[PDB]
Each structure stands twice: as structure tokens, then as C-alpha cells.
């Protein structure tokens, strides 16, 4: 008698002066909003049920209706921004924060879930949730000696919701809120459950996405080693976010980058640069491009770990977007590397795969490659080996493309082309 009710029947019951009738009707509403597909979220909102639901949240005397309305509001909140807005507009945020203290673990978990959807909408609601004081109660829910004593699903929801409070960049979460949350985050990152680890990595992933001061407060917490370890996980849902975090960290100062190198992250790249999941391969190559954009001694670490042949590998064959990140990694390498290091790169066979990419329909990758060729010749010019390099580029159809790009349209291109042709060739 609470299965597949019509919205009007639900309205009929919730409007009666009978708490039990309202309870059945609320549960019926929750079931519509929980059905496999096409939950009537808009119809429920129009019927003006949100205010009734929000008010039921504050009924301590009847915990069951607190749960049902919490679940209904959770699913409405999981919709579009307009739908989530409807829930917030009803005054659900503070009502939910009060439920976090509930003696019924399943009710506060529902509250944790709803707050998760509200904060997940974006910067504005995220910061509004924080202003209503949700962080302390949430963290208090985790203030226990051993995370393993908490129910599996309850922990997964808390972590996920915390990762949403760390999410979004315009603007980034409040600095003081991040500091509050981090210590707990550092602890969840050492929990054995793969979902908890994934969402913890995602959170760190969001916090490291921004200015170097942001990256600093995370690195300062000493998590780089743990992130490197998770980088070698067998579960793709863990490797993906962990790699994104490590990648973000190396977009910062050289010293922040040295932290990932010291933690031994380079030893996992032979695998990542040939990973089956194209995305993991794209992210990894992009990460490499930022490391080769560092100090000569860091470029040298890339060399010692034998990662150059892997870059040659990616540049030679891979998804186009991955190849583009490879180009960058090369142009950066050649731009800050020593003469001896640029020579090594050539000995690894970079010239041919680099020349072949010039046939690509993408003015950006072409400027990047033409650029690298320049840097390479510049190094050869320092050894009187320019001719020898000309041959190689001439031997593998290289010149037959620079001369081509010489008739290109983009000013930056034909110029760079025209130059290389006269300064080292014809």
C-alpha cells in the first residue's frame, strides 16, 4: 500500500492530519523517486511537497518519517541544478545538518548523502553547506579509533560527501575549510576499502587542482608517498584519480615536483605510459610533460628510469591526444635539457616519430613540434653536428614536410618552417 502511488494520492496523505498517514504517503513518495528510471521529480516539486518533507526531517518523535523524507529529498537533490535548488530553497540544509547527530545511523547517513548532493551541485551550494556548519558534525562522525568498525556503506558515503566539499574551483573551497578536512582525508587515504581510497584520491585530486599554494597545503601533509603507492594499484577506479592528483602536483614548483620523484613515482610510468586505458595513458604522458618541464636533474631522473624510450613509444603510436601530450613532453625536454640530454633523446629515435606528426591537422601540435626541432638543431649547432641532424630529418621524410608547412597558412607556422629550411637546410 505504498507501492507505485499516484502523486495526487501522495499529496492526499501528506496533507491529512494523521502522522501515520503522512508516513505512508512519504514512503510512497520515496519509492517513486527511487524507481529504476524517470523518477517524477518535477511532478513532486510542483505538488509543493518539498516544504512538507523538509518539515518532516525535524520530527524526532517519528524517526521513520525522518528517514523517508530524507531519502525523498536526497533523490530530488540528485537531479538538475534547478531541482537541487528546490531542496535548498525549502530550508533542507540546516535540517539535514541537525540529522547528522541522529542516534539512528541510517538516518544520519541519509543526511550525509543529501548534503553530498547539495554540495556536489557546485561552488555556491558547497560553500553554503560549509557556512551552515556541516564540516564539524561530518568529521565528528569519523572521530573514531578504527575506521573499520564503521559500516562499509556509511564510510563510503561520508568520504564521498567530503570529496564534494573539496570539489570545484570557481572559487576553490575556503582555505580554512580545506585545512579542517585534510587531516581526516589523510586518514581515509590509508583505509583498506577501494571505494574509500578512490574518493579520497578524488578529493586530493580536487585540492591539488589550482595555484601552487593549494598544492602546498596538500603536499605539506606528506601524502605524496601514499599517492604514489595508490598509483600502482590494480583497481582502475583508484589509479585514475591518484594519477590525476600526482599530475596536478607536478604542475607546481620544482620542489613540489621533486616530492613525487623522491617518492619513486617514476618507477610506475613504464606501465602507465603503455596502459590499456587510453585515458590513463593520456594523463600519464601529460604528467611526464610537466616533469620534463622541470630541472635538468629532474629531466635526468626521467632519463635514468628509462622513460625516454617510452615517450618515443607514445609519440610513435597512441591516441592522438596522448601523442599531443608526448609532443609537449619532448618540446619541454629539449627546451630545458642539457646538450648531452638532447643527444640522448635523439639516440633514442625521437626524430622519425616527431617528423611524422607534422602531417597532423592541428596547428598547435605543429608549433610544438617545429619548436622542438628548433631546440634540437640549436643543440647540434653547439656541436657542429647540424648537418648530421639535417640528414636524419632529410632521410625520413622530415624536410619533405617542413617545406610543406612552409606553405602553411598560420603565420607562426610557415615562419618557423621557412626559417628551419634556410637556417639548416637549403
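Numbering follows the first chain given and starts at 1.
Between 347 to 355 and 269 to 277 (mean CA B-factor, as deposited), the higher: Looking at the record's C-alpha B-factors, the answer is 347 to 355.
Between 125 to 133 and 97 to 105 (mean CA B-factor, as deposited), the higher: Here the higher of the two C-alpha B-factor means belongs to 97 to 105.
Third of the chain's Cα B-factor distribution that residue 370 belongs to, per the entry: For residue 370, the deposited C-alpha B-factor lands in the highest third.
Chain-wide C-alpha B factor ranking for residue 379, given as lowest, middle or highest third: For residue 379, whose C-alpha B-factor we compare with every modelled residue in the chain, the answer is the highest third.
CA B-factor placement of residue 324, once the chain's modelled residues are sorted into thirds: Tercile = highest for this residue's CA B-factor.
Modelled-residue ranking by C-alpha temperature factor, third containing residue 84: As the PDB entry reports it, the C-alpha B-factor of residue 84 lands in the lowest third of its chain.
Modelled-residue ranking by C-alpha temperature factor, third containing residue 254: Ranked within chain, residue 254 CA B lands in the middle tercile.
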